[PDB]
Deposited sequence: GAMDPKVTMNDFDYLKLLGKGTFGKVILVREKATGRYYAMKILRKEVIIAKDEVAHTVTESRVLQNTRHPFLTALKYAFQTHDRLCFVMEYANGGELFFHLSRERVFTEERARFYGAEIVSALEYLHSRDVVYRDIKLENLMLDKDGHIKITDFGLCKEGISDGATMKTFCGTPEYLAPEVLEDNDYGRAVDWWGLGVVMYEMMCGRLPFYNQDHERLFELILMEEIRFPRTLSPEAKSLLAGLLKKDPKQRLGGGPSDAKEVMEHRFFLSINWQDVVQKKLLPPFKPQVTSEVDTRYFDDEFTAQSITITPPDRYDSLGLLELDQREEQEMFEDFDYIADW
């Protein structure tokens, strides 16, 4: 059994709409974890029960190097708690904000790790749906780690479909902005939005008013820097093809289509999953408690039912 007092509570890594994430140390071992802490009544009152449990179930049934691993999930009479492996290098967002743009090669690297991750997830019949720079963390070695699995849909193989309107306004795919249903190819639209950002240094489409944002997604053609490569242009246009069926990764091959694109010609897809390639950047952290890749905004601050049936967890590893 796992309680709150198995942990020392070092500092805040970040906040979301229903909780917060803290770096903690397992009292009995000296090991470090990012722990996500949410309040039951808030989740109850905002009908966020389904998502919270899916997040658990999906973390309980997925094992991949470029996905955040769950060590413990427990609850107390008033809270839900995910003890996740700690990603020492913060968000890809932090790094892209700081640097403005990545080289194609560095973008290719993180691209391939995301494609390996999505391929896996698709093979486990789950669609992620919320690819964005904020959800792509870096581990201590500099490998992608996908986080936040609450909007996943499970039980989606081959060409099955989903109905719910969800995601992140700026990264929603055209088909999600039309009525009714959509397939797993939305994740290739998401990939496409982060590859664009990573290589072009902005979002492909943006407006602060959602009505104008959605207009652009459905109806504006993307633009490229003149000095983006023929093959980077080609990837981006493919991944950001508005019709999911014409989209690179939208056929029945799914990930295969993307992996086979000339932008990734230098990638050995087996080397990718086994982490045999030197990453283009290593988080230069001095200690286990060093949070230099999380915004000071968050790191500066202080430390204060059959419904939840499939939530609890202990990892064999």
key: Regions left out of the model, expressed as runs of the deposited sequence counted from 1   = 1-5, 310-329
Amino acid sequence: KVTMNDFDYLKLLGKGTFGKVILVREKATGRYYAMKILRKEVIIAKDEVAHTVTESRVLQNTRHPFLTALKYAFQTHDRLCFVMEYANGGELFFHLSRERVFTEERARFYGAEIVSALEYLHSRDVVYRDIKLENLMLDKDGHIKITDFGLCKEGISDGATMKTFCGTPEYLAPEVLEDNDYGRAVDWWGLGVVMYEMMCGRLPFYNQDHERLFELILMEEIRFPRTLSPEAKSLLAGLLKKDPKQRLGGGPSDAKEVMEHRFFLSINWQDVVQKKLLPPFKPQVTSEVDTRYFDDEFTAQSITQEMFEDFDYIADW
From here on, numbers count along this sequence of modelled residues.
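Basically, rigid core = biggest C-alpha set you can superpose within 1.5 Å across the two forms.
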inquiry  = Which of the two stretches, 131-139 versus 204-212, has its Cα atoms farther on average from this form in 9 other deposited structures of this protein when everything is superposed by the rigid core?
reply    = 204-212
note = Per-stretch CA RMS vs shown form in 9 other deposited structures of this protein, rigid core as reference, larger of 287-295/270-278 is 287-295
inquiry  = Would you say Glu91 is commonly dropped, meaning unmodelled in a third or more of the other compared entries that have residues on each side of it?
reply    = no
task = Please report whether at least a third of the other compared entries leave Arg39 without coordinates.
result = no
query = For the stretches 149-157 and 125-133, which has the higher mean C-alpha B-factor as given in the deposited record?
reply = 149-157
task = Averaging only over Cα atoms, indicate whether 32-40 or 246-254 has the higher B-factor in the PDB entry.
result = 32-40
note = Reading the B-factor column for Cα atoms of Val272, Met259, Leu59, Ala45, the highest value belongs to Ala45
task = Tell me, please, which of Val49, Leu67, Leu70, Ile267 has the highest C-alpha B factor according to the deposited entry?
result = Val49
Chain-relative CA temperature factor third for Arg108 = lowest
message = Looking at the temperature factor on the CA atom of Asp141, which third of the chain's modelled residues does it land in?
response = middle
request  = Sorting the chain's modelled residues by C-alpha B-factor, tell me whether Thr168 ends up in the lowest, middle or highest third.
outcome  = lowest
ask   = Compared with the other modelled residues in the chain, in which third is the CA B-factor of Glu175?
value = lowest
note = Sorting the chain's modelled residues by C-alpha B-factor and splitting them into thirds places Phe308 in the highest
